[PDB]
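Shown here: query-v8.txt, compact mmCIF, C-alpha atoms and all ligand atoms.
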```txt
# COMPACT_ATOMS: atom_id res chain seq x y z
CA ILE Z 1 3.55 -23.73 17.89
CA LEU Z 2 3.94 -26.80 15.67
CA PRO Z 3 1.89 -30.00 15.95
CA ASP Z 4 3.71 -32.93 17.57
CA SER Z 5 3.09 -35.16 14.56
CA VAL Z 6 2.04 -34.74 10.93
CA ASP Z 7 1.13 -37.19 8.15
CA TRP Z 8 0.23 -35.66 4.78
CA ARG Z 9 -1.24 -38.97 3.63
CA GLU Z 10 -4.22 -38.24 5.92
CA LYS Z 11 -4.73 -34.96 4.07
CA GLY Z 12 -4.93 -36.71 0.70
CA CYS Z 13 -1.81 -35.03 -0.68
CA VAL Z 14 0.29 -38.15 -1.26
CA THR Z 15 -0.02 -40.45 -4.27
CA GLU Z 16 0.69 -44.17 -4.46
CA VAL Z 17 4.28 -45.31 -3.88
CA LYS Z 18 6.17 -45.65 -7.16
CA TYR Z 19 8.82 -48.15 -8.26
CA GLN Z 20 11.84 -46.65 -10.04
CA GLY Z 21 13.37 -50.00 -10.93
CA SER Z 22 16.96 -49.97 -12.22
CA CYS Z 23 16.73 -46.33 -13.29
CA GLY Z 24 18.27 -43.88 -10.81
CA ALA Z 25 15.27 -41.54 -10.92
CA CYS Z 26 14.89 -41.03 -7.15
CA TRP Z 27 15.43 -37.31 -7.69
CA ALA Z 28 12.61 -37.18 -10.22
CA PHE Z 29 10.16 -39.06 -8.00
CA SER Z 30 11.11 -36.89 -5.03
CA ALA Z 31 10.35 -33.78 -7.08
CA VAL Z 32 7.00 -34.89 -8.52
CA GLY Z 33 5.98 -36.10 -5.08
CA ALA Z 34 6.53 -32.65 -3.58
CA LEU Z 35 4.66 -30.94 -6.41
CA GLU Z 36 1.83 -33.51 -6.32
CA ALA Z 37 1.00 -32.29 -2.81
CA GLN Z 38 1.03 -28.64 -3.86
CA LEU Z 39 -1.22 -29.47 -6.82
CA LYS Z 40 -3.70 -31.12 -4.46
CA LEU Z 41 -3.64 -28.15 -2.09
CA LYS Z 42 -4.22 -25.73 -4.97
CA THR Z 43 -6.75 -27.61 -7.12
CA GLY Z 44 -8.23 -30.30 -4.92
CA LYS Z 45 -7.18 -33.09 -7.27
CA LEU Z 46 -4.56 -35.69 -6.39
CA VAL Z 47 -2.67 -36.59 -9.58
CA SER Z 48 0.55 -38.56 -10.05
CA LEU Z 49 2.94 -36.40 -12.06
CA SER Z 50 5.35 -37.62 -14.73
CA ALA Z 51 8.73 -38.56 -13.29
CA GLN Z 52 9.61 -39.79 -16.79
CA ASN Z 53 9.01 -36.28 -18.11
CA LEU Z 54 11.76 -35.09 -15.76
CA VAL Z 55 14.13 -37.94 -16.58
CA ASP Z 56 13.72 -37.24 -20.30
CA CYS Z 57 13.54 -33.44 -20.36
CA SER Z 58 15.24 -31.98 -17.28
CA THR Z 59 18.60 -33.15 -18.57
CA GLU Z 60 22.04 -31.60 -19.32
CA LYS Z 61 20.87 -27.99 -19.18
CA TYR Z 62 19.76 -28.71 -15.61
CA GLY Z 63 22.86 -30.62 -14.58
CA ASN Z 64 20.87 -33.86 -14.51
CA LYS Z 65 21.80 -37.25 -15.96
CA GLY Z 66 18.49 -39.09 -16.23
CA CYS Z 67 18.73 -42.64 -14.91
CA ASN Z 68 22.18 -41.77 -13.60
CA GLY Z 69 21.03 -39.07 -11.19
CA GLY Z 70 19.72 -35.54 -10.87
CA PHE Z 71 18.63 -32.76 -8.52
CA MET Z 72 15.13 -32.06 -7.22
CA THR Z 73 15.80 -28.30 -7.24
CA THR Z 74 16.86 -28.16 -10.90
CA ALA Z 75 13.92 -30.44 -11.67
CA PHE Z 76 11.66 -27.81 -10.15
CA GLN Z 77 13.33 -25.06 -12.17
CA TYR Z 78 12.76 -27.08 -15.35
CA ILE Z 79 9.04 -27.30 -14.63
CA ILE Z 80 9.09 -23.54 -14.08
CA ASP Z 81 11.04 -22.78 -17.27
CA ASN Z 82 9.04 -25.33 -19.26
CA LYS Z 83 5.81 -23.82 -17.92
CA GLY Z 84 4.52 -27.25 -16.99
CA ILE Z 85 4.92 -30.97 -16.38
CA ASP Z 86 2.73 -33.73 -17.80
CA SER Z 87 0.68 -36.21 -15.81
CA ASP Z 88 2.14 -39.63 -15.12
CA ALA Z 89 -0.88 -41.07 -16.94
CA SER Z 90 -0.07 -39.24 -20.20
CA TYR Z 91 3.70 -39.66 -19.93
CA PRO Z 92 4.23 -43.05 -18.17
CA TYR Z 93 7.41 -44.12 -16.39
CA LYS Z 94 9.55 -46.59 -18.36
CA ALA Z 95 12.63 -46.70 -16.10
CA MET Z 96 14.97 -45.69 -18.94
CA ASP Z 97 16.35 -42.57 -20.60
CA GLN Z 98 14.18 -41.44 -23.51
CA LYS Z 99 14.03 -38.48 -25.87
CA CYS Z 100 12.11 -35.62 -24.30
CA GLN Z 101 8.45 -36.07 -25.24
CA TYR Z 102 6.85 -33.28 -23.23
CA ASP Z 103 3.63 -31.85 -24.64
CA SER Z 104 1.68 -28.96 -23.16
CA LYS Z 105 -1.55 -30.73 -24.13
CA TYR Z 106 -0.84 -33.27 -21.38
CA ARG Z 107 0.09 -30.69 -18.77
CA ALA Z 108 -1.17 -31.52 -15.30
CA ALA Z 109 0.74 -29.01 -13.17
CA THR Z 110 2.92 -25.90 -13.16
CA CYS Z 111 5.48 -24.47 -10.74
CA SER Z 112 6.17 -20.82 -9.99
CA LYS Z 113 9.15 -21.24 -7.67
CA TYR Z 114 10.89 -23.45 -5.13
CA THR Z 115 12.56 -22.93 -1.76
CA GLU Z 116 15.74 -24.54 -0.43
CA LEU Z 117 15.85 -24.80 3.37
CA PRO Z 118 18.99 -23.87 5.35
CA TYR Z 119 21.58 -26.65 5.67
CA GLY Z 120 21.03 -29.16 8.48
CA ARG Z 121 18.26 -27.37 10.38
CA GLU Z 122 15.74 -30.01 11.40
CA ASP Z 123 13.63 -27.46 13.25
CA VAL Z 124 13.21 -25.49 10.02
CA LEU Z 125 12.42 -28.72 8.16
CA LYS Z 126 9.76 -29.54 10.77
CA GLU Z 127 8.17 -26.13 10.28
CA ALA Z 128 8.11 -26.54 6.49
CA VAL Z 129 6.58 -30.02 6.66
CA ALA Z 130 3.92 -28.83 9.09
CA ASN Z 131 3.03 -25.56 7.32
CA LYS Z 132 4.04 -25.92 3.65
CA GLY Z 133 3.73 -29.58 2.75
CA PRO Z 134 5.89 -32.60 1.84
CA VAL Z 135 9.54 -31.64 1.42
CA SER Z 136 12.02 -33.15 -1.03
CA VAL Z 137 15.24 -34.19 0.68
CA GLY Z 138 18.41 -36.15 0.15
CA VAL Z 139 19.64 -38.88 2.48
CA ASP Z 140 22.66 -41.13 2.88
CA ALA Z 141 21.27 -44.50 1.77
CA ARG Z 142 24.68 -46.05 1.09
CA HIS Z 143 24.38 -48.53 3.95
CA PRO Z 144 23.10 -52.15 3.93
CA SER Z 145 20.73 -51.30 6.77
CA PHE Z 146 18.85 -48.91 4.50
CA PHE Z 147 18.27 -51.53 1.80
CA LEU Z 148 17.29 -54.05 4.49
CA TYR Z 149 15.02 -51.72 6.46
CA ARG Z 150 11.65 -53.24 7.31
CA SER Z 151 10.06 -51.27 10.16
CA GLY Z 152 10.41 -48.90 13.09
CA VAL Z 153 12.64 -45.85 13.41
CA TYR Z 154 15.72 -46.18 11.21
CA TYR Z 155 19.07 -45.32 12.82
CA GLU Z 156 22.44 -46.19 11.28
CA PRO Z 157 25.62 -45.58 13.35
CA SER Z 158 27.62 -45.32 10.12
CA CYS Z 159 25.36 -42.76 8.44
CA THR Z 160 26.93 -39.52 7.27
CA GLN Z 161 25.74 -36.18 5.94
CA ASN Z 162 27.01 -37.11 2.48
CA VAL Z 163 23.61 -37.69 0.83
CA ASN Z 164 23.10 -39.67 -2.39
CA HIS Z 165 19.42 -40.65 -2.50
CA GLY Z 166 16.48 -38.33 -3.14
CA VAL Z 167 13.27 -38.97 -1.19
CA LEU Z 168 10.21 -37.16 0.16
CA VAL Z 169 9.36 -36.23 3.75
CA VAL Z 170 5.58 -36.50 4.08
CA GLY Z 171 5.33 -36.08 7.83
CA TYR Z 172 6.92 -36.66 11.22
CA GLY Z 173 6.19 -38.01 14.68
CA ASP Z 174 7.50 -40.27 17.41
CA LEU Z 175 7.48 -44.00 18.07
CA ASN Z 176 7.69 -44.77 21.79
CA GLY Z 177 10.12 -41.95 22.51
CA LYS Z 178 11.96 -42.20 19.19
CA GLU Z 179 11.32 -39.15 17.01
CA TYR Z 180 11.24 -39.67 13.24
CA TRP Z 181 10.63 -38.22 9.80
CA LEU Z 182 8.01 -40.05 7.69
CA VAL Z 183 9.72 -40.68 4.35
CA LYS Z 184 8.19 -41.78 1.05
CA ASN Z 185 10.72 -43.72 -1.04
CA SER Z 186 10.47 -44.74 -4.70
CA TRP Z 187 11.54 -48.38 -4.40
CA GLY Z 188 8.05 -49.86 -4.65
CA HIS Z 189 5.50 -50.90 -2.04
CA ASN Z 190 7.59 -53.85 -0.86
CA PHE Z 191 10.39 -51.71 0.56
CA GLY Z 192 10.27 -50.94 4.26
CA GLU Z 193 6.84 -50.08 5.65
CA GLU Z 194 4.99 -50.59 2.38
CA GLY Z 195 7.08 -48.05 0.51
CA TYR Z 196 7.87 -45.81 3.48
CA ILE Z 197 10.69 -45.51 5.98
CA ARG Z 198 10.68 -43.67 9.29
CA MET Z 199 14.08 -42.06 9.83
CA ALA Z 200 15.61 -40.72 13.04
CA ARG Z 201 14.65 -37.09 13.67
CA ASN Z 202 16.52 -34.61 15.88
CA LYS Z 203 19.53 -36.91 16.11
CA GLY Z 204 22.14 -34.57 14.67
CA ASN Z 205 20.84 -34.42 11.09
CA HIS Z 206 21.00 -38.21 10.84
CA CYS Z 207 21.92 -39.45 7.37
CA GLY Z 208 21.84 -35.81 6.26
CA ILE Z 209 18.06 -35.78 5.96
CA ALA Z 210 18.01 -32.02 6.63
CA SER Z 211 21.13 -31.34 4.55
CA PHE Z 212 19.41 -30.30 1.31
CA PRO Z 213 15.63 -29.84 1.70
CA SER Z 214 13.46 -28.08 -0.87
CA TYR Z 215 9.81 -27.66 -1.79
CA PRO Z 216 8.02 -26.17 -4.80
CA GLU Z 217 5.03 -23.87 -4.93
CA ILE Z 218 2.33 -23.37 -7.53
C1 LIG Z 301 18.64 -41.91 -7.06
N1 LIG Z 301 17.91 -42.89 -7.50
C2 LIG Z 301 20.10 -41.80 -7.17
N2 LIG Z 301 20.54 -40.47 -6.71
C3 LIG Z 301 20.39 -39.21 -7.17
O1 LIG Z 301 19.77 -38.96 -8.20
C4 LIG Z 301 21.02 -38.11 -6.43
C5 LIG Z 301 19.98 -37.20 -5.67
SI1 LIG Z 301 20.63 -35.96 -4.52
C6 LIG Z 301 22.20 -36.45 -3.79
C7 LIG Z 301 19.45 -35.73 -3.19
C8 LIG Z 301 20.82 -34.36 -5.35
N3 LIG Z 301 21.79 -37.33 -7.40
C9 LIG Z 301 22.91 -37.68 -8.08
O2 LIG Z 301 23.36 -38.82 -7.85
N4 LIG Z 301 23.56 -36.87 -8.97
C10 LIG Z 301 24.79 -37.32 -9.68
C11 LIG Z 301 24.71 -36.99 -11.20
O3 LIG Z 301 24.41 -35.59 -11.39
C12 LIG Z 301 23.16 -35.17 -10.78
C13 LIG Z 301 23.14 -35.47 -9.24
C14 LIG Z 301 20.59 -41.97 -8.67
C15 LIG Z 301 22.11 -41.87 -8.90
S1 LIG Z 301 22.98 -43.05 -7.85
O4 LIG Z 301 22.78 -44.51 -8.43
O5 LIG Z 301 24.51 -42.65 -7.78
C16 LIG Z 301 22.26 -42.97 -6.18
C17 LIG Z 301 20.70 -42.95 -6.27
```

Could I get this file's structure written as C-alpha cells?
Ligand SMILES: *C(#N)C1([N]C(=O)[C]([C][Si]([C])([C])[C])[N]C(=O)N2[C][C]O[C][C]2)[C][C]S(=O)(=O)[C][C]1
Amino acid sequence: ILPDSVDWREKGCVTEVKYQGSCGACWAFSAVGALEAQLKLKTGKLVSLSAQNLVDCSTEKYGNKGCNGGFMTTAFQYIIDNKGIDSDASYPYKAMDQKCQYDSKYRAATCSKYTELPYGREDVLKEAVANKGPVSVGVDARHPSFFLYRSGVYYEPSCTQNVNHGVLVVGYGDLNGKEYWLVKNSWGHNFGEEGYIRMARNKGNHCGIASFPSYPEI
C-alpha cells in the first residue's frame, strides 16, 4: 500500500533549486540531487553536493561530455569508483568545463551502488519514490511548452519517450483529478513553480518520465 501523495521536501531531503546556466549539466544536478537525499537519510545532514565535480571528473571514461551532456547512472558509478564526491561548498559550480579538481579532503558523500528501474513502469517509479527517495529521471523537454511552463500539471500532446533532459522526481500527487510527478529542475528558481514542475503521471509514460529512472544508495 503506497501513500496517495509524497513530497520529499517536507522530509528535509531536498536542497535549494540550482541554476545550471548555459552549461548542459542537468544530468549532474539530477545525480547530486538524488544522492543529497540519501545523504540526509543516512547522516541527518542536508548538504548540496558538487555538480561541478561531476562535470569536471565524470568525463570521457564515463561516456559523459561535461557541459554537453552526461548520464546520471554513470555519474553515480564515478562517485562509487572515486570513493566520494565533494560538497558544492568546497567545489562550487561555475557552469563551464574545468580540469578535474576533486580532493578527498572535501568529500561530503559516498555511493555504494545505484539502481535503474524497469523501462516505462510508472507504478514501479511510484514505489521507489515513496519507499527509497527522490529518483533521477530523464524527460522529453524539447517542446516550447516545457520552457514556458509556469504552473499546474504539465501535459504536452507532442511529448515523446525520447528523453533529453535529466531531472529529479521528489514526490507525486494529484491536482483536482490530475495525477502528477513532482519534479525538481535545475533551471533556477524562476522556472515553473519556483524551480519545480508537476508533470502528468499515469498518462502513458508522458514525456518518457519513467523511461530511464535511477537512484543511488549510500
Ligand atoms: C541537460 N542539461 C542536457 N541533457 C543531458 O545531459 C542528457 C541527460 Si539524459 C537523456 C536523462 C541521459 N544527456 C545527454 O544529452 N547526453 C549526450 C552526450 O553524451 C552523454 C548523454 C545537456 C545536453 S543537451 O543540451 O543536448 C539537452 C540538455

With all atoms listed in the file counted, collect every polymer residue having an atom within 6 Å of ligand LIG 301 (chain Z); state the result as a PyMOL selection string. chain Z and resi 24-27+63-65+68-71+137-138+163-166

Counting all atoms listed in the file, which of Z:20, Z:214, Z:202, Z:145 gets nearest to residue 35 in chain Z?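 Between Z:20, Z:214, Z:202, Z:145, the residue approaching residue 35 in chain Z most closely is Z:214.
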
Do you know which residues are at most 9 Å from residue 21 in chain Z counting all atoms listed in the file, after dropping those on the same chain fewer than 6 positions away, and could you put them as a VMD selection string? chain Z and resid 95 186 to 188

Could you pull the residues within 12 Å of residue 8 in chain Z, counting all atoms listed in the file, minus those fewer than 4 positions along the same chain, as number ranges by chain? Z: 12-15, 33-34, 36-38, 40-41, 129-135, 168-173, 181-184

Atom pair CA of residue 215 in chain Z / CA of residue 190 in chain Z: separation (Å):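 Pair CA of residue 215 in chain Z / CA of residue 190 in chain Z returns 26.3 Å.
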
Taking the point (11.8, -26.1, -9.0) as given in the file, collect each protein or nucleic acid residue that comes within 6 Å of it, counting all atoms listed in the file, and present the set as a VMD selection string. chain Z and resid 73 to 77 113 to 114 216

Missing atoms in range 196-209 of chain Z: fill them in up to N, CA and C atoms and send the result as a compact mmCIF listing (two decimals), in the frame of the given file.
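Written file, rebuild32.txt:
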```
# COMPACT_ATOMS: atom_id res chain seq x y z
N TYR Z 196 7.38 -46.88 2.61
CA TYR Z 196 7.87 -45.81 3.48
C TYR Z 196 8.93 -46.24 4.47
N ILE Z 197 9.66 -45.25 4.98
CA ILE Z 197 10.69 -45.51 5.98
C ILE Z 197 10.68 -44.36 6.97
N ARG Z 198 10.65 -44.69 8.26
CA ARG Z 198 10.68 -43.67 9.29
C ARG Z 198 12.13 -43.52 9.73
N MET Z 199 12.69 -42.33 9.52
CA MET Z 199 14.08 -42.06 9.83
C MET Z 199 14.28 -41.17 11.05
N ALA Z 200 15.32 -41.47 11.82
CA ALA Z 200 15.61 -40.72 13.04
C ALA Z 200 15.58 -39.21 12.85
N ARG Z 201 14.80 -38.55 13.70
CA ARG Z 201 14.65 -37.09 13.67
C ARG Z 201 15.29 -36.49 14.92
N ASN Z 202 15.86 -35.30 14.77
CA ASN Z 202 16.52 -34.61 15.88
C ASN Z 202 17.65 -35.43 16.50
N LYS Z 203 18.40 -36.13 15.66
CA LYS Z 203 19.53 -36.91 16.11
C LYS Z 203 20.77 -36.46 15.33
N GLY Z 204 20.99 -35.15 15.35
CA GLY Z 204 22.14 -34.57 14.67
C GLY Z 204 22.11 -34.65 13.16
N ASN Z 205 20.96 -34.38 12.55
CA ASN Z 205 20.84 -34.42 11.09
C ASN Z 205 21.28 -35.80 10.60
N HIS Z 206 20.67 -36.83 11.18
CA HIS Z 206 21.00 -38.21 10.84
C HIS Z 206 20.82 -38.53 9.36
N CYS Z 207 21.88 -39.08 8.78
CA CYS Z 207 21.92 -39.45 7.37
C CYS Z 207 21.72 -38.23 6.47
N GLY Z 208 21.97 -37.05 7.02
CA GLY Z 208 21.84 -35.81 6.26
C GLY Z 208 20.45 -35.50 5.74
N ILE Z 209 19.43 -36.00 6.42
CA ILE Z 209 18.06 -35.78 5.96
C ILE Z 209 17.69 -34.30 5.84
```
